[PDB]
Each structure stands twice: as C-alpha cells, then as structure tokens.
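Chains as they are written, first to last, in this note's numbering: chain A, 83 to 280; chain B, 83 to 280; chain C, 8 to 59; chain D, 16 to 201; chain E, 3 to 44. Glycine residues also receive a C-beta, built at the ideal position from the N, C-alpha and C atoms. Below is one structure, written out as structure tokens; comments come after it.
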Amino acid sequence: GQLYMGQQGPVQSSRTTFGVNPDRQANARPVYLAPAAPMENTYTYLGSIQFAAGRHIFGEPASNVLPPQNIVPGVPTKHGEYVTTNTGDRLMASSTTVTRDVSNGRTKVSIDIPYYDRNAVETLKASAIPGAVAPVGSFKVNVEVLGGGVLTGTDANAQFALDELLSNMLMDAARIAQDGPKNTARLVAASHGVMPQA
Amino acid sequence: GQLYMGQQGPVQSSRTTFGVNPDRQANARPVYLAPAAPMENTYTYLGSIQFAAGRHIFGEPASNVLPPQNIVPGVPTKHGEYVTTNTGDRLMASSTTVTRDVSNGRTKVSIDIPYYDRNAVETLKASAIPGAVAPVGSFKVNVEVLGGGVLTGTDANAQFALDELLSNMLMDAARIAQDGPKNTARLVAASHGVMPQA
Amino acid sequence: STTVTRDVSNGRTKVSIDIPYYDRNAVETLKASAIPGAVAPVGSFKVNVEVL
Amino acid sequence: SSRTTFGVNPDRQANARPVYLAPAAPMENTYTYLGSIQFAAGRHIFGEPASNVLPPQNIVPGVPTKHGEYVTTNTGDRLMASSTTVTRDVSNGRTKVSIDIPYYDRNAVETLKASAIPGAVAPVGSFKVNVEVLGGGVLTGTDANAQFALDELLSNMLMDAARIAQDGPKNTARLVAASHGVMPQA
Amino acid sequence: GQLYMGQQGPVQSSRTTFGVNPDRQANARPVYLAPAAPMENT
C-alpha cells in the first residue's frame, strides 16, 4: 500500500486481520416476556378523536392493556400473542392483536387494529336499518430489534447494558419515524418523501 | 421546385429549414394548485332537477366546493384529489371525486359522480322495506390541456399570456362540446352525430 | 389550418382543438430584413374535452 | 472481514451522491458588460438575449440528469436568431460548466444596414469558457457535514482560479488571441 | 463560403476579384529639389 516514514526508514503501510477476534456468542439467552401488552398511547388518542377519522371508524377496546392469548407462565415460547375485542354501536365485535416473535436474537413486535366503514355505519344509523357492519380493513405497525451476534467476552452483566442500548435505539427510531409537523402529511397513503427547502 | 421571375432572371423556388429555431423550453414550471374544487354549476343543476333524472337518482353533496383529499400546502405533487360524500334518503353514502394530474406540461382534470337505482330506492320507500341501496354506476367528464413544449425565447411574463390563451381554448371547447338545442339529444348514450340540414 | 375535431362513438363524445404557432424570431427577422420568405408552423397547442 | 490498518488507509467513498441543480443559470455579469459595450467589439457584433437568466432546456425537476442545458435566444437587427447555451455535466464526481455565446460579422451587418437591401446574416463563430471541478475521491471517514465543508472549499478554489485567470491590468492584453504569457520586470 | 439569407433564398457568400482595377501609374513625375537644406533645429 501507501508509503510513510517509520523509524527504520520509509515503510509500507499494511492492513491485516491479525489480532481481531470475531467469534460470537450463541443466541441462547432467555428473555423477559411481558404478562400483558400496554397500548395506552394509541387508545387515549383514539378516545381523543372519538374513535373516528374521516371514513375510518374504530372499535372501542375491552381494555387499554391486552391480556395474553397463547402465553402461559413458566412455558417458554418463541411466539406470543395478546388480544382484546373492540366493540361498538352497530359494529360486529372484532379483535385487536399484538404479536411478539422472539427467534435467534431477533425480537419483533407487530400491532394490528381493524377499522370499519363509517359511510355504511352512519347509513345504518340514519335510515334506521337493523344490521351491523363487519371490519373493512386494518392498520399495522411493526418494530424489530436485531440483537444477534454478541461477542464472546460479553459479560453477563454487560448484556443488560446492551439491552438498554437497543431499547434507546428503538425510541430514537420511532421518534424519527413520526418526526415532523402535524400541519403536513407524514405517514398514511405515503407515495414518496419530500424534505422542505426551508 | 416551381419557377418564377426574380430580378436576376427566372429563378427556382426553394423551401429550406434555414433560420428556424425549434428548440423548446423544458417543462420545469411549478403551477398553481387550487385549495378546493368548485362544482357549483353541476350541483345547482342537480338541485334544479331535484337530484333525479329518470331512473338515475343522485346523492346530495356535503359541499358545493370540494376540499383537498391528498394535497397539503407547500408540498409539491403531480396528482391531487378533492372529494366530498354524497348522502341521501335510504342511500348508502358515496364519494364524489375530482382528480387533477399535472405531468410534463399536460394538465388533466376529471370529475366522477356516482348515481343510484331509483327503481330500487322507490321500491324501498313504497313497500316500507328497511334496507338501503349502494351506487349503481357513475358519470365522468375529462378535460385535458396539452401545454408542453414552449419555445426557448418565451418570456416568463409571456407564459402568463399563454396560460390565458389555453384557458380560453378550454372555454371554447366545452361550449362546442355542449352546444346545441336542449329540445334534441346531444350527449348521453351517444351513437353517432347527425347535423341537421336546416 | 386550425382544427376542431369531434368524435362521437359508443356513448363517449370528445372534442379537441389544435391551433398552430410559428417562430416569431424567424418571422420578424424576415419582416425587418424585407425578405419575401413565408414561414411554416413550428408547433401547436391542443386542448381535449371528453364526456363519458 | 474486519482488518486493523497500520499507516495510511486510502479507501475512497463511492461517487454516488446527488447534487443540487440550479433551476436557472444567471448570466448577469456578461450580459451587463455586453450592454456596456453596446453588443459590439471590433468586427464582432453580438445579439441581445431574451433574458439575463437562462431557463432549463432539457432538465425536469425531480428527474436526475448527468447532462443539462440552459439556453436563451439572441436576436438582433439584420441578424438570424441564435441561441446562447450554458451546459452542465455531472458525472463520477466531476462537474463541468461551459458557456457558449455566438457572434456575427459586423462588416456584413452594417453593410446591409447601409445598403438598404433585404439580406440577413447568420453567426460566424463563438466564444467559449469552461470551468471544471474534480471532486471525486472522498475518503471513507468523511460524513455529510464534512462533505459540505469540502463543497465550500472547492467553490473557493473556483473563485481563486477565475481571479487568477482574469488577473491583470485592463491596459494590456490578457486573454483573446493569446500566443504566450510574459511576466513584467519590477 | 458561409451561408446567409438573400431574397432569392439561402445564398452562399462569395469573395471575388471582379470589378477591382489595380493598374498603377508609372513613377515618371519630376519632383521639386530644394536649392539648399535647412538644418536649423539641430
């Protein structure tokens, strides 16, 4: 490579793999599985807008905090679900689901909430029809933490520090995801991004 | 080509491309995007006929002037939509849409309004059935301005004059489209044109 | 020629208007120089209207 | 594969960075000077532009291009319309702006004017000026903020180069019909 | 040569020796010869 001046004389710079231990520690670490899933932020906002945005009408949950669906204390699982059942006036009750998959150092949490056709629901109310409406679509939010491949000398204590580091990256990621003025479009029906000049 | 008399003597007429600059100016001009779409003419007529022509029954709009659906101030788009929601007695509410596409010097505005089956709606009212009717079809009107390829010396000020020229061609085109006595058939279910002898 | 075209078929009626334009630089150079050349159109502008 | 390096690491950053493209080209300096000399020097007569700021000819907003042109039309008395062109090329970290303005034969133009005869005249030649920035080879460590700093560094070298090119008394020959360069004494 | 617009159409510019009389008159003209040379300035 390039040439520089060492005390022996002019010496060639060199790039070597000598002295780098890339060995990894196996993803064999049991992790804490919450006994319920708190959806407080989303449901307080849904109470704020009165469970209706435009033509999307939403169901009222059973609880702001979701109970486990297929998780039992003391039984290890790689897939766990929490669920409640949204209900509403002239709405067929429909479940809202929070899924957690923990495999090979990869943790992934997904949230799926359904909605209904407000045009149909208000037609039902206004002309005094006796039927109900089934869900029309959903919205989904996924979050993923790739925490595999810790190094071999990673202390049992230092894995907790790494835990907190990843959780702070999580917070930063969601903030960057929703960052922006609420005067302007930023998430739904997205086509492309346009950052403003000033 | 042909022969004529020039002062040098009999001279051959000639047709050349010398001295004609056909260079064009790129379609890189931001255009004004209305903050709402006024449909006043069509909806005043729809109030005139009481939202019913024959078997076609129409919905009553939310507003004569339509708000933006996916347009945000200060965000440039090549596609923008305005919408309201028609409602009616024993009619499932249904949206009426006004679409504007602005690409490569071509501006295109389309209007789509739905209608419903009056035979079904009056059956509902007359025999006191509790259901409602969904839209049965629509009518659409398209308008297109091909304003691409302005010349290179077109002044910034003169592009406004060209703007107004195109808008006047628009007016003339719609007048030619609907021109004719209202005693005789001229638009819907059209098969061919027959201009009268006298 | 400036042209207005009407197509009526299968319930769809469509009116199109096409007007041509010439190179003002060529025309005015000819006029100022008192040259007897006549200029052919360099382009056109078009407006379409359609009823389904 | 991760390797520890002793000495210089010459890894360069790939030239894969979009750059800002002006929506028009300002030519204010040259056209104000052309107005100053009444669009005529010696036997060279120039045309009057439609605008001092040139609009894009083949550039569309939001569409990446590696070659773009701004253009206007010079018109003149007894003259055939001739376009003045500003070309910008961006490729592989090298960005180059070229300016081309045509001129005409003043003897033909004023002989026609004085003879009151129908002729008109086309351009005889042009003058061209090129400017080139070799910005490739950014090192690996450089982040975006540092790249902005490098942007401004190159622009300052640009200004220095133009000043060094035009440097000298206006009493004396310095650019056109150049044969060789000579330095004065004391 | 170059091309321009004449009233017949686009026409080629041309450079000719037609109509230029370069004939010269012989140097056969007696000239005045001063009867003395004034060097007053020097």
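Counting C-beta pairs with one atom in each stretch, the segment 83 to 96 of chain B and the segment 3 to 12 of chain E have three or more that are closer than 8 angstroms, which means they touch. Taking the Cα of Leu252/B as reference, the smallest distance to any Cα among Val58/C, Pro27/C and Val54/C is reached at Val54/C. In this structure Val191/B is buried. Its beta-carbon is surrounded by 16 or more other beta-carbon atoms within 10 angstroms. At least one C-beta of chain E is nearer than 8 angstroms to the C-beta of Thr98/B. By the rule that beta-carbons nearer than 8 angstroms mark a contact, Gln27/E does not touch chain B. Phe52/C is positioned such that its CB atom lies no closer than 8 angstroms to that of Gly262/B. Here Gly219/B is actually not in contact with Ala65/D; their C-beta atoms are around 52 angstroms apart, not less than 8 angstroms. Under DSSP, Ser176/B shares a beta bridge with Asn168/B. Cβ-Cβ separation between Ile193/A and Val180/A: approximately 5 angstroms, consistent with a contact (criterion under 8 angstroms).
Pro133/D has a beta carbon lying within less than 8 angstroms of a beta carbon in chain C.
Put simply, the CB of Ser209/A is near chain B, with a gap under 8 angstroms to one of its CB atoms. The DSSP-derived three-state label of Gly21/E is coil. Counting along the chain, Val148/D sits inside the beta strand (DSSP E) bounded by residues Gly140 to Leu149.
Residues of the segment 86 to 98 of chain D with a C-beta less than 9 angstroms from any C-beta of chain B: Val86, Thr87, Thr88, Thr90, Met95, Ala96, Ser97 and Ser98, listed in chain order. When DSSP reads this structure, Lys264/B sits in no beta bridge, so it has no partner.
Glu246/A sits in a helix when the DSSP states are folded into three classes. The contact set of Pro104/A on chain D, defined by CB atoms closer than 8 angstroms, consists of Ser17 in chain order. Think of a sphere of 7 angstroms around the beta carbon of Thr234/B: the chain D residues whose beta carbon falls inside it are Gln72, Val86, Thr87, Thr88 and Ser98, in chain order.
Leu148/A and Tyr164/A have their C-alpha atoms roughly 6 angstroms apart.
For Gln260/B, none of the residues of chain E pass the 9 angstroms Cβ criterion, the least Cβ distance being about 48 angstroms.
Using a CB distance cut-off of 8 angstroms, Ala33/C counts as an interface residue toward chain D. Exposure of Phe100/A is indicated by the presence of fewer than 16 other C-beta atoms within 10 angstroms of its C-beta. Within the same chain, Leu206 come within 7 angstroms of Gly213/B by CB-CB distance, once the 5 residues on both sides are set aside. Judged by beta-carbon spacing, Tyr29/C lies within the 8 angstroms limit of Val46/C, meaning their Cβ atoms are closer than that value. Assignment of beta-bridge partners to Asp104/D by DSSP yields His82/D and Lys111/D. Spatial neighbours of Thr20/C in its own chain (CB-CB distance under 6 angstroms, excluding positions within 5 residues in sequence) are listed in chain order as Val58. The beta-carbon separation of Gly18/C and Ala272/B, rounded to 5 angstroms, stays under the 8 angstroms limit for a contact.
Chain-ordered listing is empty here: chain B has no CB closer than 9 angstroms to the CB of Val146/D, the nearest sitting near 22 angstroms. In this structure, the beta-carbon distance from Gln107/B to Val232/B falls below 8 angstroms. In the DSSP assignment, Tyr86/A falls within the unbroken beta strand (DSSP E) covering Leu85 to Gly88. For a Cβ distance threshold of 8 angstroms, nothing in chain A lies close to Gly152/D: the least Cβ distance comes to about 14 angstroms. Secondary structure note for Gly50/D: its alpha helix (DSSP H) is the uninterrupted segment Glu43 to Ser51. Listed in chain order, the non-local C-beta contacts of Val34/C below 8 angstroms within the same chain comprise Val46, local neighbours out to five positions each way being set aside. In the structure shown, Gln241/A adopts helical secondary structure according to DSSP, grouped into three states.
Any Cβ of chain D closer than 8 angstroms to the Cβ of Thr36/C would place that residue at the interface, and such an atom is present.
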